[PDB]
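Quick note: the coordinates plus some simple rules give every number you see, no bench work behind them. Heads up, the Cβs are rebuilt from the backbone with ideal geometry, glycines too, and the neighbour counts pull from every protein chain shown.
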């Protein structure tokens, strides 16, 4: 899922580099909110057919992560695994192998 | 302000 500690420029550039379709979603570190992160998904308006959206996330008080109150987890891997089946609160589900 | 745009499916 995540490639490392990239998500603003690096991610937005690699997300549109090879032409990886929807589902290529990665996790990174927030530059404005440490301890939390922002989902970098290749989501568009369907007119451009090429764009990246940043979903600002918040860390759980009990020590976890959740994009929505309808699906909260404790680890990133567990979160990814659940969104890898379907969309629990995003524009698209996390269905992608790798793109290194 | 950062470009934060959360899109849920509620």
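Which residue, of A:9, A:34, A:53, A:59, is in contact with a strand residue (DSSP E or B) (Cβ under 7 Å, 6 or more places away or on another chain) and under 18 Å from residue B:3 (Cα atoms)? Among A:9, A:34, A:53, A:59, only A:53 is in contact with a strand residue (DSSP E or B) (Cβ under 7 Å, 6 or more places away or on another chain) and under 18 Å from residue B:3 (Cα atoms).
When segment A:42-77 is filtered for residues that are part of a loop (DSSP other than H, G, I, E, B), surrounded by 13 or more Cβ atoms within 10 Å (Cβ to Cβ) and more than 14 Å from every other protein chain (Cβ to nearest Cβ), only A:74 remains. Selection of segment A:78-95 for residues being more than 10 Å from chain B (Cβ to nearest Cβ), in a loop (DSSP other than H, G, I, E, B) and surrounded by 14 or more Cβ atoms within 10 Å (Cβ to Cβ) yields A:84, A:93, A:94, A:95.
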